[PDB]
Amino acid sequence: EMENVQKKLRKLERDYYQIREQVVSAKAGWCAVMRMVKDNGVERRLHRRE
Amino acid sequence: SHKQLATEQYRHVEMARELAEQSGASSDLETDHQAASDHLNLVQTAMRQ
Amino acid sequence: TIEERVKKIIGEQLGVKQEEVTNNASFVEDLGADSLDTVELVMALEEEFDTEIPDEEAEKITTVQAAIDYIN
Amino acid sequence: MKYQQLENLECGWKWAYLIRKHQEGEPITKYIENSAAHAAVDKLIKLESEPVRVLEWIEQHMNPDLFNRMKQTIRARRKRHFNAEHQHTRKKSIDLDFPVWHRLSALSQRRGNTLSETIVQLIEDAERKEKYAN
Amino acid sequence: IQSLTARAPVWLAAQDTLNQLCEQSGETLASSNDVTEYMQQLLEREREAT
DNA sequence: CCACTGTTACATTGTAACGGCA
DNA sequence: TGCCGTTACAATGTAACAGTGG
Ligand SMILES: *P(=O)(O)OCC(C)(C)[C@@H](O)C(=O)NCCC(=O)NCCS
């Protein structure tokens, strides 16, 4: 019975792995857009936090 | 869940070890009881004669 | 060397360049990365080295040097 | 309905597709006479920057036989546009030599799986064989 | 948390609008009464300039 | 060295055929 | 049925690598 749960853990691990690449790629993309938009665009214009 | 499964595996290992010990004890008892049955047979025979 | 990974990823995660980071400084306040940004940084470090870092060990990387200290 | 449809985007897609087809020589309009077809094409050309009127233009002068092709092209465009946001949902295109593709498609048709599923199963079996040996 | 979340967007939009309006002015507003005195000063400046 | 060629691994867009669902 | 996602292609364009001979 427990070996099935081990396999389910492996499935969850691969799902975590996938989410992790998604997040790291998103941050890599974000970096440059922050860097450019810091020319007063992000101060209040783009960041419509509403 | 990963830590829980690893710990359950360790618990499983421990119970498997102790049941191996019980299996060895059972084998020793089997030898002793073979001897006991031989003794009973002997006694029976002796009685008869 | 292999540290080129960390000293690269850090910048790629914080917007600073390779030489901007100083070993004496701290990510939490001296780099501008907030809680979310530091979580993202540590998780990118985890991804890069194909390894795992629990919460307890992960919380001791607030300083620049630690990022390599646990690695090497 | 899985992907929400956006008018100012799909209408631009349709306009670009129709302009491409016209430039390619496809008869966009249902008018056999060249004058009416040219007039409708000019209306479309000057109709740029308009969803609410390109839709009407399509309803009124569009060639009957291109409706299905345009609909399926827009379907594919929508799906690709929505899937191209995340890495895991993107699709990777490769070229396979004809014998290899023939064998792979034979296997896929035999087992009822898709190319992706068939290759995934085969790789998993290869890994399992490695573990068996190792 | 859900009640505060529901309240949030209204408050955030209000804050952004108020900040824009006040920054457009040299003054920063801090009270409804203060807005009223700003209106009074606006009326005074208007009745003068006219 | 250098240029030109052959090849692989993609991307990009379009299309026909299935199959699900109102 | 008609729309809508989905697959498996076809055709063409590019970057990158490996060869070949001048
Ligand atoms: P900060 O305002 O940037 O916010 C950070 C955060 C609360 C969004 C989050 O990323 C965070 O740092 N959480 C701390 C770690 C944590 O909660 N771990 C949970 C593991 S199940």
# chains A, B, ... in the order shown; residues from 1 in each chain; ligands from 1
>>> residues_near_ligand(ligand="ligand 1", cutoff="10 Å", atoms="only C-alpha atoms (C1' of nucleotides) and all ligand atoms", output="list in words")
residues 28, 33, 34, 35, 36, 37, 38, 39, 40, 54, 55, 58 and 59 of chain C
>>> write_last_selection(atoms="C-alpha atoms", output="PDB file, in the first residue's frame")
ATOM      1  CA  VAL C  28      16.548  41.059   2.629  1.00  0.00           C
ATOM      2  CA  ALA C  33      14.387  42.040  -2.553  1.00  0.00           C
ATOM      3  CA  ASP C  34      11.382  41.671  -0.256  1.00  0.00           C
ATOM      4  CA  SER C  35       9.997  38.440   1.197  1.00  0.00           C
ATOM      5  CA  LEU C  36       8.438  37.340  -2.095  1.00  0.00           C
ATOM      6  CA  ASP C  37      11.554  38.269  -4.065  1.00  0.00           C
ATOM      7  CA  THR C  38      13.798  36.329  -1.682  1.00  0.00           C
ATOM      8  CA  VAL C  39      11.495  33.306  -1.884  1.00  0.00           C
ATOM      9  CA  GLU C  40      11.743  33.514  -5.668  1.00  0.00           C
ATOM     10  CA  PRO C  54      14.057  22.816   3.356  1.00  0.00           C
ATOM     11  CA  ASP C  55      12.582  25.900   4.970  1.00  0.00           C
ATOM     12  CA  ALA C  58      16.623  28.145   3.261  1.00  0.00           C
ATOM     13  CA  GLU C  59      16.058  30.859   5.873  1.00  0.00           C
TER      14      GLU C  59
END
>>> interface_residues(of="chain C", to="chain A", cutoff="12 Å", atoms="only C-alpha atoms", output="PyMOL selection string")
chain C and resi 8-17+33+36-48+50-52
>>> residues_around(residues="stretch 70-72 of chain D", least_positions_apart="4", cutoff="12 Å", atoms="only C-alpha atoms (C1' of nucleotides)", output="JSON, numbers by chain")
{"D": [10, 11, 13, 14, 15, 16, 17, 18, 20, 21, 28, 58, 62, 63, 64, 65, 66, 76, 77, 78, 79], "F": [14, 15, 16, 17], "G": [2, 3, 4, 5, 6]}
>>> write_last_selection(atoms="C-alpha atoms (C1' of nucleotides)", output="compact mmCIF listing (two decimals), in the first residue's frame")
# COMPACT_ATOMS: atom_id res chain seq x y z
CA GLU D 10 -9.83 37.92 -33.28
CA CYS D 11 -11.08 40.62 -35.65
CA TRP D 13 -6.61 38.16 -36.85
CA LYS D 14 -9.42 37.81 -39.39
CA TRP D 15 -8.44 41.02 -41.19
CA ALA D 16 -4.81 39.91 -41.42
CA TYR D 17 -5.85 36.46 -42.64
CA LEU D 18 -8.12 37.86 -45.35
CA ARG D 20 -2.94 37.55 -46.65
CA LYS D 21 -5.30 35.37 -48.68
CA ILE D 28 -11.94 36.56 -50.97
CA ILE D 58 -17.33 39.12 -43.67
CA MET D 62 -17.17 36.71 -47.81
CA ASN D 63 -16.67 33.81 -50.21
CA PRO D 64 -18.97 30.94 -49.13
CA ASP D 65 -16.32 28.24 -49.48
CA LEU D 66 -13.74 29.92 -47.22
CA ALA D 76 -6.04 27.23 -34.12
CA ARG D 77 -4.83 30.81 -33.74
CA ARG D 78 -6.84 31.24 -30.53
CA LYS D 79 -5.60 27.97 -29.05
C1' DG F 14 -2.55 26.90 -42.50
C1' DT F 15 -5.72 22.74 -42.99
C1' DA F 16 -8.35 18.38 -42.63
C1' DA F 17 -10.19 15.02 -39.61
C1' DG G 2 -22.40 23.57 -35.72
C1' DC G 3 -19.02 25.31 -32.70
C1' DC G 4 -14.72 24.29 -30.28
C1' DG G 5 -10.68 22.07 -28.68
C1' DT G 6 -7.28 18.94 -30.33
>>> residues_around(residues="residue G:18", least_positions_apart="5", cutoff="12 Å", atoms="only C-alpha atoms (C1' of nucleotides)", output="list in words")
residues 5, 6, 7 and 8 of chain F
>>> write_last_selection(atoms="N, CA, C and O atoms (P, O5', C5', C4', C3', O3' and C1' of nucleotides)", output="short mmCIF file (atom, residue, chain, number, x, y, z; two decimals), in the first residue's frame")
data_model
loop_
_atom_site.label_atom_id
_atom_site.label_comp_id
_atom_site.auth_asym_id
_atom_site.auth_seq_id
_atom_site.Cartn_x
_atom_site.Cartn_y
_atom_site.Cartn_z
P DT F 5 27.45 26.90 -52.60
"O5'" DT F 5 27.46 25.34 -52.26
"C5'" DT F 5 27.98 24.90 -51.01
"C4'" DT F 5 27.68 23.43 -50.78
"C3'" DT F 5 26.21 23.06 -50.77
"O3'" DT F 5 26.04 21.67 -51.07
"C1'" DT F 5 27.07 23.02 -48.55
P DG F 6 24.60 20.98 -50.96
"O5'" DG F 6 24.65 20.21 -49.55
"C5'" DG F 6 25.58 19.14 -49.37
"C4'" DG F 6 25.32 18.41 -48.07
"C3'" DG F 6 23.86 18.07 -47.80
"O3'" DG F 6 23.73 16.78 -47.21
"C1'" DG F 6 24.68 19.48 -46.07
P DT F 7 22.29 16.23 -46.78
"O5'" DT F 7 22.16 16.64 -45.25
"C5'" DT F 7 23.14 16.18 -44.32
"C4'" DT F 7 22.76 16.57 -42.90
"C3'" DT F 7 21.27 16.40 -42.57
"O3'" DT F 7 21.12 15.59 -41.41
"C1'" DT F 7 22.04 18.59 -41.99
P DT F 8 19.67 15.23 -40.85
"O5'" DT F 8 19.55 16.06 -39.49
"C5'" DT F 8 20.68 16.20 -38.65
"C4'" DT F 8 20.34 17.03 -37.43
"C3'" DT F 8 18.93 16.84 -36.90
"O3'" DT F 8 18.92 16.89 -35.49
"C1'" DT F 8 19.20 19.09 -37.56
#
>>> closest_atom_pairs(of="chain B", to="chain A", cutoff="9 Å", atoms="only C-alpha atoms", output="JSON lines")
{"residue": "B:1", "atom": "CA", "partner": "A:9", "partner_atom": "CA", "distance": 7.4}
{"residue": "B:2", "atom": "CA", "partner": "A:9", "partner_atom": "CA", "distance": 6.7}
{"residue": "B:5", "atom": "CA", "partner": "A:6", "partner_atom": "CA", "distance": 7.1}
{"residue": "B:6", "atom": "CA", "partner": "A:6", "partner_atom": "CA", "distance": 9.0}
{"residue": "B:8", "atom": "CA", "partner": "A:2", "partner_atom": "CA", "distance": 8.3}
{"residue": "B:9", "atom": "CA", "partner": "A:2", "partner_atom": "CA", "distance": 8.1}
>>> write_last_selection(atoms="N, CA, C and O atoms", output="short mmCIF file (atom, residue, chain, number, x, y, z; two decimals), in the first residue's frame")
data_model
loop_
_atom_site.label_atom_id
_atom_site.label_comp_id
_atom_site.auth_asym_id
_atom_site.auth_seq_id
_atom_site.Cartn_x
_atom_site.Cartn_y
_atom_site.Cartn_z
N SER B 1 4.36 15.05 3.47
CA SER B 1 4.07 13.67 3.11
C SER B 1 5.35 12.89 2.83
O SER B 1 5.42 11.70 3.13
N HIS B 2 6.38 13.55 2.30
CA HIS B 2 7.64 12.86 2.06
C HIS B 2 8.28 12.41 3.37
O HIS B 2 8.70 11.25 3.50
N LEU B 5 6.17 9.52 4.81
CA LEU B 5 6.37 8.25 4.14
C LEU B 5 7.73 7.65 4.49
O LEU B 5 7.84 6.44 4.70
N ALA B 6 8.77 8.48 4.56
CA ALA B 6 10.08 7.95 4.96
C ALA B 6 10.03 7.37 6.37
O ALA B 6 10.56 6.28 6.62
N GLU B 8 7.35 6.20 7.94
CA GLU B 8 6.58 4.96 7.89
C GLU B 8 7.41 3.83 7.33
O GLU B 8 7.29 2.68 7.78
N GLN B 9 8.27 4.12 6.34
CA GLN B 9 9.18 3.10 5.84
C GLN B 9 10.12 2.62 6.93
O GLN B 9 10.39 1.41 7.04
#
>>> residues_around(residues="residue C:60", least_positions_apart="2", cutoff="12 Å", atoms="only C-alpha atoms (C1' of nucleotides)", output="count of residues only")
20
>>> select_by_dssp(residues="stretch 1-70 of chain C", states="helix (DSSP H, G or I)", output="VMD selection string")
chain C and resid 3 to 14 27 to 30 35 to 48 55 to 58 66 to 69
>>> residues_around(residues="stretch 36-50 of chain A", least_positions_apart="4", cutoff="12 Å", atoms="only C-alpha atoms (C1' of nucleotides)", output="list in words")
residues 29, 30, 31 and 32 of chain A; 15 of chain C; 5, 7, 8, 9, 10, 11, 12, 13, 14, 15, 16, 17, 19, 20 and 23 of chain E
>>> residues_around(residues="residue F:11", least_positions_apart="6", cutoff="10 Å", atoms="only C-alpha atoms (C1' of nucleotides)", output="ChimeraX atom specification")
/D:92-94 /G:13-14
